[PDB]
DNA sequence: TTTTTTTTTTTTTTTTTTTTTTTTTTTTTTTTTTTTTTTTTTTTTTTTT
């Protein structure tokens with residue numbers, strides 16, 4: 159009588175792999191299109 | 001006697017770091033109002049003269 163239980167767990171898993179893909183899309187929107195902010199030639203003297 | 005190119009003066013503009021002030025939010029704070037236990041007052045009955 160675990161039919162309900164397991165199929166319902168798969169139904170959460172099925173609607174939630176959608177959430178995983180949604181997070182991946184959130185990344186794609188958030189993917190940088192940019193790099194690490196550069197140095198100012200004085201932070202060069204400071205840290206380098 | 002003339003011309004060309006480069007190394008020095010100075011001048012202009014931008015970014016990063018570090019200057020101040022105000023507002024919003026959070027913390028300590030007595031007055032007023034509300035809640036509970038209580039010592040004084042009121043009522044009735046029984047017994048005795």
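Numbering (the working numbering), first residue to last: 159 to 206. Just so it is clear, CB atoms sit at the ideal spot from N, CA and C, and this is done for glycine as well.
Any idea what DSSP makes of residue 197, helix, strand or coil? Locating residue 197 in the first chain gives position 39, where the first residue counts as 1. Residue state, collapsed to three classes: coil.
Measure the C-alpha to C-alpha separation of residue 195 and residue 160 and round it to an integer number of angstroms. On the first chain, residue 195 is found 37 positions in, with the first residue counted as 1. On the first chain, residue 160 is found 2 positions in, with the first residue counted as 1. The straight-line gap from Cα to Cα measures roughly 55 Å.
Unbroken alpha helix (DSSP H) run spanning residue 183, endpoints: Numbered from its first residue, the first chain carries residue 183 at position 25. Looking at the DSSP string, the run of the alpha helix (DSSP H) that includes residue 183 is 161 to 188.
C-alpha distance - residue 166 paired with residue 178, whole-angstrom precision: Counting from one through the first chain, the residue named residue 166 turns up at place 8. Counting from one through the first chain, the residue named residue 178 turns up at place 20. Looking at the two C-alpha atoms, the distance is approximately 18 Å.
Which value, in whole angstroms, describes the spacing of the CA atoms of residue 200 and residue 193? Within the first chain, numbered from 1, the residue matching residue 200 stands at position 42. Within the first chain, numbered from 1, the residue matching residue 193 stands at position 35. Put simply, the backbone Cα of residue 200 is about 20 Å away from that of residue 193.
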